[PDB]
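Some notes on the structure that comes next.
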Amino acid sequence: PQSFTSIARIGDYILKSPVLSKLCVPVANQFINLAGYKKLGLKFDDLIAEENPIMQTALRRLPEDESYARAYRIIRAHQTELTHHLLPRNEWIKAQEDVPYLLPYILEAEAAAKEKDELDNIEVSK
Amino acid sequence: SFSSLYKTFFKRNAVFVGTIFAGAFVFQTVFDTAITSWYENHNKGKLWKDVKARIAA
Amino acid sequence: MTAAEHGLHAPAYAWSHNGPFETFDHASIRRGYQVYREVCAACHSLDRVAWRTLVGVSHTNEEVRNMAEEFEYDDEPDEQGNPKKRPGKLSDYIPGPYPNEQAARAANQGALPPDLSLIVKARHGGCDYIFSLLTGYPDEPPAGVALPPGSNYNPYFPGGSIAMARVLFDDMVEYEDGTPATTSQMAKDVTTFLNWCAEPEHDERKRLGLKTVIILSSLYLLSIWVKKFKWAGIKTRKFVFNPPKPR
Amino acid sequence: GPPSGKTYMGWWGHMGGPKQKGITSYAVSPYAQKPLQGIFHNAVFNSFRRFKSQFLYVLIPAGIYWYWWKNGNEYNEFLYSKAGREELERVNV
Amino acid sequence: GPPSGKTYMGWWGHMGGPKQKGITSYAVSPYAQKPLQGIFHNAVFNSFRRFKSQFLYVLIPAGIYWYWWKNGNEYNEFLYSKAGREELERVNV
Amino acid sequence: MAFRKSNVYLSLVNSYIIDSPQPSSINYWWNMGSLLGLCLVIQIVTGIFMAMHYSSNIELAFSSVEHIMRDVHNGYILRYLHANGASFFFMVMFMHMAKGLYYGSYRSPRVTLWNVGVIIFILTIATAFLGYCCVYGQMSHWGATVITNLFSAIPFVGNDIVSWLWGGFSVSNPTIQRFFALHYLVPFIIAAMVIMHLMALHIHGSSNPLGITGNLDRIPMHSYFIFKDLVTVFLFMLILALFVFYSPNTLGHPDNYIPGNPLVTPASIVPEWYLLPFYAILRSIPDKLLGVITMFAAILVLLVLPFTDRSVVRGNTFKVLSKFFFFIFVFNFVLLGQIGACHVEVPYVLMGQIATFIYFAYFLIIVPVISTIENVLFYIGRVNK
Amino acid sequence: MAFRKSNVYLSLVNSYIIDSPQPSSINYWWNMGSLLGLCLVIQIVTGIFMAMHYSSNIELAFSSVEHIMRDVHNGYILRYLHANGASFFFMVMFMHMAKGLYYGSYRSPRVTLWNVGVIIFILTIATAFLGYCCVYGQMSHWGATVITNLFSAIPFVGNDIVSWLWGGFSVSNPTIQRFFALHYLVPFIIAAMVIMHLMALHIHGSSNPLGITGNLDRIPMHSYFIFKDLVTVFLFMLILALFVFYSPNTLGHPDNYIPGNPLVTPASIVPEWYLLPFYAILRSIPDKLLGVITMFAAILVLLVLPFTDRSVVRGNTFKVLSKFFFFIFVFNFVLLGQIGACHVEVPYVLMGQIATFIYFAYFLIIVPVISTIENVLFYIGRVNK
Ligand code: HEC
Ligand code: HEM
Ligand code: HEM
Ligand code: HEM
Ligand code: HEM
């Protein structure tokens, strides 16, 4: 319900700042480590809720190999949570592996839908 | 003879639920009698028949 | 509110029916009926206890028949329509001492004595409260109180001032089994009797509770096993991902 | 019957997830398995892992609210006693 | 949900009748029509046609059962009269 | 096809309980719904078998309840089962709702399911209030008078709606016979709303504790979740049999064994334990009209939750601040319930006001701010710039 | 798509009452189902608004009914509406069943619809009997006595089940409180069975008075059969208003205004008018076990009907012998009802036995023989060899 252009806007303003980044990105790294989705073998873009048309178009536009890897990571997380264990520590996602891979597709679909409604509520100057 | 135990009790479901019900019958009876006799022997000298025997003695 | 307005809390005496396998001492109920009939029946009622519920708990059939026939109930009117009276039977209820509430409040200085047939469930504390209230009357109220006249001090009653004076005194009842009938013994016996009058299902309820708790614990553990046996094939499932060739 | 709107869960054959390829799954018959396998190991080690990860979230708010209730209950029992009547008569009046 | 069994009525578009060819239907807006047209003709002639077609089926069993009921009622009134007691005793026992 | 699919009724039974594809990841908190179904059947059956002996006049209500206790065979089992099963129904319903707002089940595919749930919650609160009023003890009567005299705060038609509720001028024989007829009736409305709850669930299926889609591996409900529900059914029956047979008047108040007397106030009027937090919410506001508006707002604030949750991932499984403030909310609810059972003395009015403010600030302030903060932390923890 | 289809509940409303394709040829006998649904709503609402004032003891039942009639506002409207509405309910239900028996609605696709209808018939017979027994007049006590005492003919268990039905040793305060709780209950079971009636109907649609298929031209239910239903709805309301406001006690028996007396037998014990044919069937067998078996078999003979109809044409629209013997059956039912209100006297027991034999020979002897004769006549009238 907060669309990703707003999140990216705030995050780019934080990361492009010299002071704000050096205070806030350590807190975010500790937040990511405490969150513990990586221990179940999941990247964060497997966590986003997919039942809106924006994410349905982003998942439809995602390429084939990325979609197969995403489906495997999801099925592995379900089987892991079914047994109340974690994954072995060699099977955890590393920080370099936790890449934003769906985010350009989400940002493109959101810019498309925003331009769509701004051109549906278009008004002329006459 | 586990094959004979299976072939008599667990192969047909008619025989299976029949012995389920037969065991439930005899379990209900002897479980009731065992719980009453334990409860009465635990509460000795407190039930009515003990006080009745005391005031009859 | 203050501690006086709350009342002092009753301590935890060691009743013979405290505990999940225990039972009312039925001789205690018989002695408590005697103390009720000889002391408590002057002011309090027992409106919910029929005569037939005492048969086989505390007294014999004829022992209850005679105690019921020593009373007089309203009969159906005779063939001329005049009212009639009747000796009691086992179907009738234990009669109170007063015909209405106004006779009660007149006889006991404005206050109405509650009917005792549910009083250990109607009071916070239960048997400990009834026992400690009956034996809690000091010989003098504490130095500083202003007790209204016609009222007595008892710290377990909320507020302190109760309209019941101390009714239990040493050897005012003689028991038929030769028990030394002191204040504490008589209060123990009436509180066991009033607890029976409130909960006459107590023994059967605890016995059935033993049966259900045993059967349901066995069913719970056995169902844990059957759940683990059914879900074995899903808990021991293995996924292998060979990434498909690009096409 | 009429067809209804597009949902997010189909049925056995058309669930509506992504296409799956290259995932193999293996599973053994429970009649050939041991249920209650590893229960004494999981009962002490897995339960300690789960407790250690998930107890600060539960027992820091529980501690805050229990200390709050204990302190307020102590203040009430103080103010409705003889030693603390002056502060009661200035805290309500 | 799953699809259920084969029925004998579908929905709009796939009812399950035969294919239809060569049937043309015409209809006029009711806002351009006269409702209550022909009510005074249908009330006297069509009503008589429908009554003439379907009245022997209703009124022959009604006549049979009403005559049976009246005859049994008359016999019961006769049997409990002064003139018909001497049949009533040899009738009941 | 199979006969369980090629029927009319067995098609519905098959589709809902036999071949229903459940996500395999769902834990033991997904048994509370079948538990509430079992509880509802328990309440309806034991209530019918007690209504066969209950008389509803004001001079016969209390003594008819004791006629059920003392004279009807196994009637103490029925009464203690009905009362403790009502309280167990509410504890399980609180767990169902707390699971729902922990795991994000209220969110955008399932908002109509959440709203049918809120309607069911309001109806169960009303049913239990009427049923507690039918026994006509001392807490029963005075609870009825304070809750119905709440409605006299409406400044135009309040006296006439309270005289229409009472059927007269205070709680007496028309009020008690009304409350019995309604306490029968509202459970069957609850059964209809539960059928609608299941219908709104069935279109999108249940969630899972990961919050990711569960469309990828799924398990039919028969032979897996039937037995996983059977585990909790036998546990619930075990714990209920404990409270029914060994400790029956524990959750209740002792003053419902005093018969109802309109002239003696019992010096602390409190409802049953599950309505204590809403009672403390109502008690915290120093006005009666704003008090009932704030109590109804405290239960209608569950509808603003799918619009104030401002985060892109569903549930609190992978968030630390959402977990922390969730359990702050839960122990705030427990403190609110304990404040509602105390007198209006000096630390408790401030504690109840601050806890009511925390209850409302959770839905309206805490969830949006924490959702936005967790969104941008999830972003900048893993993107580089 | 449209929101009336895209929604969970509105698509159910749409699919059943808005877009539901009905055969265009169906006549005013197809309004009886909508009429019965309106009747059920009338009975439930007026029953709740009288149970808000009814007391169900043996001492207060009759006088609480007159408390409804005398001093609660519009209570005579509610009681006369409930009683005459129950009688109108049974008249419209007899029309629904006789339409289904005329037009072959019991035949090969709709047998599950016919069977759920027969279950509904049994349940509303039971509901109307219990609700008569809750009045506790003189007719209701002795009707309860006769009908309950009929179960004593079961040879090993009958005394135990009649003592379990009574709750005692005759019809008394336990029996009246039991009957009130059940008369309140069973209409919700009837509403659930009506939902199942509609679910079994919806899979194949209604029949049509031709008996031929109606899949060819069909019109939606909205704004055609909604208003064609509204015609008979207002007509039914008019006739019911006549019977409620101008002859409110015509369909009743005057002995129910005597309070119930176990010591006075009223010398002619009859049930309400709609149970009179089954009462005559029961009375016309000189036995007790065979009598109760014959009455229950008279209700259960309607299930044999789809297997004894031996004709290839659905319905009686185009058969002349089937029309003749159908109206013989209908007026036999009316004579059976008139015989059940008469005393056990000399011509009436032979009339009741012969009419019972005609009732059972219709379903079992007349319909197969006549239908195969009509089959052979339809064949040889138009093929030549
Ligand atoms: C004579 C008058 C008696 C006698 C012999 C007994 N009681 Fe008691 N009682 C009586 C009055 C007038 C009152 C009301 C006092 C008040 O202020 O309410 C009572 C009160 C009780 C109570 C209730 C106390 C409470 O509400 O907390 C109980 C319990 C009680 N009385 C019991 C009791 C028992 C067990 C006796 C045994 C001999 C007994 N009373 C004597 C008047 C009188
Ligand atoms: C929605 C489910 C139900 C709930 C939550 C519920 C709740 C309650 C509660 C809390 C009480 C008070 C118990 C006490 O303190 O003694 C009660 C009493 C009662 N309920 Fe219900 N009830 C439900 C269903 C029913 C139904 C359907 C009936 C009627 C058939 C019914 C009949 C009664 C009766 C007769 C009492 C009388 C007092 C008693 O016997 O305890 N209940 N109910
Ligand atoms: C009579 C009471 C209720 C019954 C019988 C009931 C029944 C169910 C059942 C059977 C489920 C599916 C199993 C599960 O998910 O646990 C369910 C899910 C759900 N119910 Fe309820 N429910 C009731 C009350 C409520 C209430 C009060 C709410 C909240 C306001 C609610 C909200 C939900 C939600 C959100 C879900 C979906 C949870 C998920 O699967 O993610 N329900 N309900
Ligand atoms: C299935 C639909 C129903 C039928 C056929 C039905 C039938 C009857 C009948 C025939 C009577 C006797 C009326 C008389 O002779 O004076 C009656 C009485 C009564 N019915 Fe019903 N009833 C139905 C539904 C209900 C429902 C749902 C309730 C309760 C909510 C109810 C409550 C009563 C009450 C309280 C009486 C009391 C006596 C009276 O006022 O007439 N009825 N019912
Ligand atoms: C509570 C009572 C009942 C209700 C609300 C009810 C409702 C309905 C409705 C709405 C229809 C569709 C409209 C129509 O075709 O007339 C219908 C059709 C039908 N009902 Fe009923 N019904 C009831 C009782 C019965 C009974 C007692 C039977 C017979 C035993 C029965 C048998 C049928 C049949 C056979 C049809 C299909 C008729 C056809 O379309 O050919 N119903 N019912």
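Residues are named by chain letter and number: chains run A, B, ... in the order of the structure tokens, numbers start at 1 in each chain, and ligands are numbered from 1 in the order shown.
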Expected selection as a ChimeraX atom specification for ligand 2 within 6 Å, only C-alpha atoms and all ligand atoms
/F:40,43-44,47-48,50-51,54,65,79,83,86,124,127-128,131-132,134-135,184,187
Just the residues within 10 Å of residue 177 (chain G), please, counting only C-alpha atoms, with nothing from its chain fewer than 3 positions along; format it as a list in words.
residues 51, 52, 53, 54 and 55 of chain F; 55, 56, 57, 58, 61, 134, 167, 172, 173, 174, 180, 181, 182 and 183 of chain G
Give the alpha helix (DSSP H) residues of chain E, as assigned by DSSP on the backbone, as a ChimeraX atom specification.
/E:39-41,47-53,56-79,85-92
Env. residues ligand 3 / 8 Å / only C-alpha atoms and all ligand atoms / as number ranges by chain
F: 29-37, 40, 93-94, 96-97, 99-101, 103-106, 110-111, 113-121, 124, 190-191, 193-194, 197-198, 201, 205-208, 302
Keeping only N, CA and C atoms, write those residues as a short mmCIF file (atom, residue, chain, number, x, y, z; two decimals), in the first residue's frame.
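File written: out_22.cif
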data_model
loop_
_atom_site.label_atom_id
_atom_site.label_comp_id
_atom_site.auth_asym_id
_atom_site.auth_seq_id
_atom_site.Cartn_x
_atom_site.Cartn_y
_atom_site.Cartn_z
N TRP F 29 -1.49 -22.03 14.64
CA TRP F 29 -2.46 -20.96 14.81
C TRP F 29 -3.57 -21.00 13.78
N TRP F 30 -3.45 -21.82 12.74
CA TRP F 30 -4.50 -22.00 11.76
C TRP F 30 -5.47 -23.09 12.13
N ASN F 31 -5.57 -23.44 13.41
CA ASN F 31 -6.61 -24.35 13.88
C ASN F 31 -7.66 -23.65 14.70
N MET F 32 -7.48 -22.35 14.98
CA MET F 32 -8.44 -21.62 15.79
C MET F 32 -9.79 -21.51 15.13
N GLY F 33 -9.85 -21.54 13.80
CA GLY F 33 -11.13 -21.44 13.13
C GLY F 33 -11.96 -22.69 13.26
N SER F 34 -11.35 -23.86 13.06
CA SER F 34 -12.08 -25.10 13.29
C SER F 34 -12.39 -25.28 14.77
N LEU F 35 -11.57 -24.68 15.62
CA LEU F 35 -11.86 -24.68 17.04
C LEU F 35 -13.08 -23.83 17.37
N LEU F 36 -13.22 -22.68 16.72
CA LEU F 36 -14.40 -21.85 16.91
C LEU F 36 -15.64 -22.51 16.35
N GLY F 37 -15.50 -23.29 15.29
CA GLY F 37 -16.63 -24.07 14.82
C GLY F 37 -17.08 -25.11 15.82
N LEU F 40 -18.83 -23.29 18.67
CA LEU F 40 -20.17 -22.86 18.31
C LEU F 40 -21.16 -24.02 18.36
N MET F 93 -11.47 -17.04 20.15
CA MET F 93 -11.76 -15.98 19.19
C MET F 93 -10.75 -14.85 19.28
N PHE F 94 -10.28 -14.54 20.49
CA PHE F 94 -9.20 -13.57 20.63
C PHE F 94 -7.91 -14.07 20.01
N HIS F 96 -7.79 -16.14 17.38
CA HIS F 96 -8.06 -16.05 15.95
C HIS F 96 -7.83 -14.64 15.43
N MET F 97 -8.31 -13.64 16.17
CA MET F 97 -8.11 -12.27 15.75
C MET F 97 -6.66 -11.82 15.91
N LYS F 99 -3.95 -13.77 15.73
CA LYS F 99 -3.27 -14.36 14.59
C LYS F 99 -3.52 -13.56 13.33
N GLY F 100 -4.78 -13.15 13.11
CA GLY F 100 -5.12 -12.43 11.90
C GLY F 100 -4.40 -11.10 11.78
N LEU F 101 -4.25 -10.39 12.88
CA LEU F 101 -3.53 -9.13 12.77
C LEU F 101 -2.06 -9.25 13.11
N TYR F 103 -0.28 -11.95 11.37
CA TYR F 103 0.19 -12.47 10.10
C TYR F 103 -0.34 -11.71 8.91
N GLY F 104 -0.94 -10.54 9.12
CA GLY F 104 -1.42 -9.73 8.02
C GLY F 104 -2.56 -10.32 7.23
N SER F 105 -3.40 -11.14 7.86
CA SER F 105 -4.50 -11.78 7.16
C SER F 105 -5.61 -10.81 6.78
N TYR F 106 -5.61 -9.62 7.37
CA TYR F 106 -6.60 -8.60 7.07
C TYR F 106 -6.38 -7.92 5.73
N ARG F 110 -8.21 -10.00 1.32
CA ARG F 110 -9.08 -10.62 2.31
C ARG F 110 -9.77 -9.59 3.20
N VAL F 111 -10.04 -8.40 2.67
CA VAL F 111 -10.64 -7.37 3.50
C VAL F 111 -12.10 -7.68 3.78
N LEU F 113 -13.25 -10.64 4.15
CA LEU F 113 -13.17 -11.71 5.14
C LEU F 113 -12.91 -11.14 6.53
N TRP F 114 -12.03 -10.15 6.62
CA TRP F 114 -11.81 -9.45 7.88
C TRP F 114 -13.07 -8.74 8.36
N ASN F 115 -13.83 -8.15 7.44
CA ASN F 115 -15.01 -7.40 7.86
C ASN F 115 -16.15 -8.31 8.27
N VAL F 116 -16.32 -9.45 7.60
CA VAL F 116 -17.28 -10.44 8.07
C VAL F 116 -16.85 -10.99 9.42
N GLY F 117 -15.55 -11.09 9.65
CA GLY F 117 -15.08 -11.44 10.98
C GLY F 117 -15.44 -10.43 12.05
N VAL F 118 -15.33 -9.14 11.74
CA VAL F 118 -15.67 -8.11 12.72
C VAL F 118 -17.16 -8.12 13.03
N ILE F 119 -17.99 -8.39 12.02
CA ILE F 119 -19.43 -8.54 12.24
C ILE F 119 -19.72 -9.74 13.14
N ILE F 120 -19.00 -10.84 12.93
CA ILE F 120 -19.17 -12.03 13.77
C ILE F 120 -18.76 -11.74 15.21
N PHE F 121 -17.72 -10.94 15.39
CA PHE F 121 -17.25 -10.60 16.72
C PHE F 121 -18.26 -9.76 17.48
N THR F 124 -21.15 -12.05 18.53
CA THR F 124 -20.87 -12.94 19.66
C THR F 124 -20.82 -12.19 20.97
N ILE F 190 -25.25 -15.88 13.77
CA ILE F 190 -23.82 -16.13 13.78
C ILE F 190 -23.47 -17.32 12.91
N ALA F 191 -24.31 -18.35 12.89
CA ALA F 191 -24.07 -19.49 12.01
C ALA F 191 -24.17 -19.10 10.54
N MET F 193 -23.52 -16.07 9.44
CA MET F 193 -22.36 -15.24 9.17
C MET F 193 -21.08 -16.06 9.13
N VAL F 194 -21.05 -17.22 9.77
CA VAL F 194 -19.90 -18.10 9.68
C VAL F 194 -19.87 -18.78 8.32
N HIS F 197 -18.49 -16.20 6.24
CA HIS F 197 -17.06 -16.13 6.53
C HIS F 197 -16.29 -17.16 5.72
N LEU F 198 -16.80 -18.38 5.68
CA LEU F 198 -16.16 -19.44 4.91
C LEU F 198 -16.24 -19.17 3.41
N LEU F 201 -13.67 -16.61 2.60
CA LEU F 201 -12.34 -17.19 2.68
C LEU F 201 -12.02 -18.01 1.45
N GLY F 205 -8.45 -18.43 -0.57
CA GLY F 205 -7.72 -19.36 0.25
C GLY F 205 -7.00 -18.68 1.40
N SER F 206 -6.51 -19.51 2.31
CA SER F 206 -5.93 -18.98 3.52
C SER F 206 -4.51 -18.50 3.27
N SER F 207 -4.02 -17.67 4.19
CA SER F 207 -2.67 -17.15 4.11
C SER F 207 -1.68 -18.18 4.64
N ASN F 208 -0.46 -17.76 4.93
CA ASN F 208 0.55 -18.63 5.50
C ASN F 208 1.48 -17.76 6.32
N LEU F 302 -10.91 -2.06 14.06
CA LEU F 302 -10.35 -3.18 13.32
C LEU F 302 -10.61 -3.07 11.83
#
Which neighbours of residue 72 (chain A) fall inside 10 Å, counting only C-alpha atoms, when residues of the same chain fewer than 4 positions from it are skipped, and could you give them as a PyMOL selection string?
(chain A and resi 41-42+66-68+76-78) or (chain C and resi 239-243) or (chain D and resi 20-23) or (chain F and resi 216)
Grab me every residue within 6 Å of ligand 1, counting only C-alpha atoms and all ligand atoms, and send it over as a PyMOL selection string.
chain C and resi 36+39-40+42-43+108+111-113+119+130+157+162-164+167+190
So that I can see what lies close to residue 311 (chain F), please list as a list in words the residues with an atom at most 8 Å from it, counting only C-alpha atoms and leaving out residues fewer than 3 positions away in the same chain.
residues 1 and 2 of chain A; 314, 371, 372, 374 and 375 of chain F
Could you list, as a PyMOL selection string, every residue within 9 Å of residue 12 (chain E), counting only C-alpha atoms and ignoring same-chain residues fewer than 4 positions away?
(chain D and resi 1-2) or (chain G and resi 19+21)
Write out, as a PDB file, in the first residue's frame, the residues just selected, with N, CA, C and O atoms.
ATOM      1  N   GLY D   1     -23.718 -22.735 -14.105  1.00  0.00           N
ATOM      2  CA  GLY D   1     -23.620 -21.541 -13.287  1.00  0.00           C
ATOM      3  C   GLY D   1     -22.840 -20.442 -13.975  1.00  0.00           C
ATOM      4  O   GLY D   1     -22.162 -20.692 -14.966  1.00  0.00           O
ATOM      5  N   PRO D   2     -22.931 -19.224 -13.458  1.00  0.00           N
ATOM      6  CA  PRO D   2     -22.207 -18.118 -14.058  1.00  0.00           C
ATOM      7  C   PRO D   2     -20.755 -18.136 -13.630  1.00  0.00           C
ATOM      8  O   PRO D   2     -20.418 -18.683 -12.571  1.00  0.00           O
TER       9      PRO D   2
ATOM     10  N   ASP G  19     -30.406 -13.224 -12.385  1.00  0.00           N
ATOM     11  CA  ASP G  19     -30.107 -13.691 -13.727  1.00  0.00           C
ATOM     12  C   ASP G  19     -30.518 -15.127 -13.951  1.00  0.00           C
ATOM     13  O   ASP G  19     -30.106 -15.723 -14.945  1.00  0.00           O
ATOM     14  N   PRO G  21     -32.180 -18.276 -15.193  1.00  0.00           N
ATOM     15  CA  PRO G  21     -32.974 -18.469 -16.408  1.00  0.00           C
ATOM     16  C   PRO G  21     -34.191 -19.331 -16.144  1.00  0.00           C
ATOM     17  O   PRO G  21     -34.072 -20.528 -15.866  1.00  0.00           O
TER      18      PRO G  21
END
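All chain F residues having an atom within 7 Å of chain C, based on only C-alpha atoms, amount to residues 224, 227, 228, 230, 231, 234, 235, 238, 241, 242, 245, 246, 254, 255, 257 and 258 of chain F.
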